[PDB]
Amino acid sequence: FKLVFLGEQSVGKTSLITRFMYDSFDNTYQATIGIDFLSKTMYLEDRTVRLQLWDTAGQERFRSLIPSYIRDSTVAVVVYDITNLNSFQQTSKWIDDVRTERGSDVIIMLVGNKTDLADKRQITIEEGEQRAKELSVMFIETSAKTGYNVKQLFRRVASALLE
């Protein structure tokens, strides 16, 4: 169970990890490409599974190494920001990367984060669901700030691993 978070800078990759792990949320920045992995044991389907969470850098000068991390990861979490059109379009790039340096022997979860910022939404939930189905990957919308669906994200991907 190795989960790698991918997506453009500031979609909220770290916040989602931080939310799931310590159930907290900080609104300041963390330019991330440092101190690289977190672990946690979680309950599900009558058992326990320990997950390994990998946090990566979406902003450029640091995508030269990411490939390896993707290659030996069992789950790729591709995140975008529902209020940022560019972050959504770029998910094709990240998804392309995963399959290219990993085959089809992988589980991919597309995540539309920051649902709390409704008055700034640029991508509807239907458009996200439709894109996930067209590319044959999983989909879920979240909010690291409110905690919305954060646990459902991990339970679902974890469930996908056991199945």
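From 1 onward, residues are counted along the sequence shown.
*Asks:* Tell me which of 28-36 and 52-60 has the higher mean C-alpha B-factor in the deposited entry.
*Replies:* According to the entry, 28-36 carries the higher average C-alpha B-factor.
*Asks:* Would you determine, from the values in the PDB entry, which of 82-90 and 68-76 has the greater average C-alpha temperature factor?
*Replies:* For C-alpha atoms only, the mean B-factor is higher in 68-76.
*Asks:* Report the option among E127, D46, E101, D116 whose CA atom has the maximum B-factor in the deposited record.
*Replies:* Among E127, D46, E101, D116, the highest C-alpha B-factor in the entry belongs to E101.
*Asks:* Can you tell me which of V111, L135, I123, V106 has the highest Cα temperature factor in the record?
*Replies:* Across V111, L135, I123, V106, the entry lists the biggest C-alpha B-factor for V106.
*Asks:* Mind checking which third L6 falls in for C-alpha B-factor across the chain?
*Replies:* Tercile = lowest for this residue's CA B-factor.
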